[PDB]
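Quick notes on the structure that follows.
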Amino acid sequence: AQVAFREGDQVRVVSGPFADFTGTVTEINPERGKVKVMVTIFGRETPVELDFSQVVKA
């Protein structure tokens with residue numbers, strides 16, 4: 001039993017100043033290929049939109 005991705009999971013950022021945080025998958029877009037996760041920067045929530053090409057599974 002294996003899986004590529006699952007809603008409600010946690011994924012880290014790709015790079016940049018945010019290359020040390022994760023997010024909470026709220027919704028997915030298979031038809032296109034996007035992903036939304038709620039990250040936390042400076043000790044505060046921050047909902048941002050990304051894509052598998054800018055995130056990683058942890």
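The way I read the labels, and the way they are meant: chains A, B, ... in the order of the structure tokens, residue 1 as the first residue of every chain, and ligand 1 as the first ligand shown, with later ones counted on from there.
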Check your understanding: Could you pull out the strand (DSSP E) residues of range 16-50 of chain A from DSSP and send them as a PyMOL selection string?
Key -> chain A and resi 22-29+34-40+45-50
_Just want the 8 Å neighbourhood of residue 38 in chain A, counted on only C-alpha atoms, with same-chain residues fewer than 5 positions away dropped. Output as a list in words._
residues 22, 23, 24, 25, 26, 45, 46, 47 and 48 of chain A
File of the preceding selection, N, CA, C and O atoms, as a PDB file, in the first residue's frame:
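Listing of result12.pdb after writing:
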```pdb
ATOM      1  N   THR A  22       6.635  24.244   6.417  1.00  0.00           N
ATOM      2  CA  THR A  22       5.687  23.364   5.747  1.00  0.00           C
ATOM      3  C   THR A  22       4.307  24.007   5.685  1.00  0.00           C
ATOM      4  O   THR A  22       4.135  25.166   6.060  1.00  0.00           O
ATOM      5  N   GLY A  23       3.326  23.249   5.206  1.00  0.00           N
ATOM      6  CA  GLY A  23       1.975  23.766   5.105  1.00  0.00           C
ATOM      7  C   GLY A  23       0.923  22.684   5.243  1.00  0.00           C
ATOM      8  O   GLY A  23       1.226  21.496   5.139  1.00  0.00           O
ATOM      9  N   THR A  24      -0.318  23.101   5.474  1.00  0.00           N
ATOM     10  CA  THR A  24      -1.426  22.164   5.628  1.00  0.00           C
ATOM     11  C   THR A  24      -2.290  22.135   4.369  1.00  0.00           C
ATOM     12  O   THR A  24      -3.017  23.086   4.083  1.00  0.00           O
ATOM     13  N   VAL A  25      -2.204  21.038   3.623  1.00  0.00           N
ATOM     14  CA  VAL A  25      -2.978  20.887   2.397  1.00  0.00           C
ATOM     15  C   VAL A  25      -4.472  21.028   2.663  1.00  0.00           C
ATOM     16  O   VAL A  25      -5.074  20.197   3.343  1.00  0.00           O
ATOM     17  N   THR A  26      -5.067  22.085   2.120  1.00  0.00           N
ATOM     18  CA  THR A  26      -6.491  22.338   2.298  1.00  0.00           C
ATOM     19  C   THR A  26      -7.281  21.862   1.083  1.00  0.00           C
ATOM     20  O   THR A  26      -8.414  21.399   1.208  1.00  0.00           O
ATOM     21  N   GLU A  45       0.366  32.226  10.970  1.00  0.00           N
ATOM     22  CA  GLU A  45      -0.208  31.524   9.828  1.00  0.00           C
ATOM     23  C   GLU A  45      -0.149  32.393   8.575  1.00  0.00           C
ATOM     24  O   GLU A  45      -0.167  33.620   8.657  1.00  0.00           O
ATOM     25  N   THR A  46      -0.080  31.746   7.416  1.00  0.00           N
ATOM     26  CA  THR A  46      -0.019  32.461   6.147  1.00  0.00           C
ATOM     27  C   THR A  46      -0.436  31.556   4.988  1.00  0.00           C
ATOM     28  O   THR A  46       0.396  30.860   4.402  1.00  0.00           O
ATOM     29  N   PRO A  47      -1.736  31.551   4.641  1.00  0.00           N
ATOM     30  CA  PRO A  47      -2.256  30.724   3.545  1.00  0.00           C
ATOM     31  C   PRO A  47      -1.760  31.197   2.183  1.00  0.00           C
ATOM     32  O   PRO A  47      -2.048  32.316   1.760  1.00  0.00           O
ATOM     33  N   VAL A  48      -1.013  30.335   1.500  1.00  0.00           N
ATOM     34  CA  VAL A  48      -0.477  30.665   0.186  1.00  0.00           C
ATOM     35  C   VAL A  48      -0.713  29.532  -0.807  1.00  0.00           C
ATOM     36  O   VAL A  48      -0.851  28.372  -0.421  1.00  0.00           O
TER      37      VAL A  48
END
```
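By chain and then residue number, the residues within 12 Å of range 1-5 of chain A are residues 9, 10, 11, 25, 27, 28, 29, 30, 35, 52, 55, 56, 57 and 58 of chain A, counting only C-alpha atoms and disregarding those fewer than 4 positions away in sequence.
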Keeping C-alpha atoms, export the residues of the selection given above as a tab-separated table (two decimals), in the first residue's frame.
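Okay, this is what ended up in part-v7.tsv:
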```tsv
chain	number	residue	atom	x	y	z
A	9	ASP	CA	-0.82	16.20	4.79
A	10	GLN	CA	2.22	18.39	5.45
A	11	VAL	CA	4.62	19.54	2.74
A	25	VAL	CA	-2.98	20.89	2.40
A	27	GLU	CA	-7.32	21.56	-1.33
A	28	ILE	CA	-5.81	19.94	-4.43
A	29	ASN	CA	-6.08	20.45	-8.19
A	30	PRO	CA	-5.37	17.29	-10.25
A	35	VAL	CA	-1.81	22.77	-4.28
A	52	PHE	CA	4.14	20.27	-6.50
A	55	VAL	CA	6.76	21.93	-2.49
A	56	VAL	CA	7.92	18.64	-0.99
A	57	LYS	CA	6.26	15.76	0.86
A	58	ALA	CA	7.35	15.25	4.47
```
Residue with the minimum atom-to-atom distance to residue 18 in chain A, picked from A:34, A:6, A:41, A:49 with only C-alpha atoms counted, is A:41
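Distances here use only C-alpha atoms; by that measure, the residue among A:44, A:36, A:21, A:50 closest to residue 8 in chain A is A:36.
With CA of residue 20 in chain A on one side and CA of residue 32 in chain A on the other, the separation reads 26.2 Å.
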- Message: I need the helix (DSSP H, G or I) residues of chain A per DSSP on the backbone, written as a list in words.
- Response: residues 16, 17, 18, 52, 53 and 54 of chain A
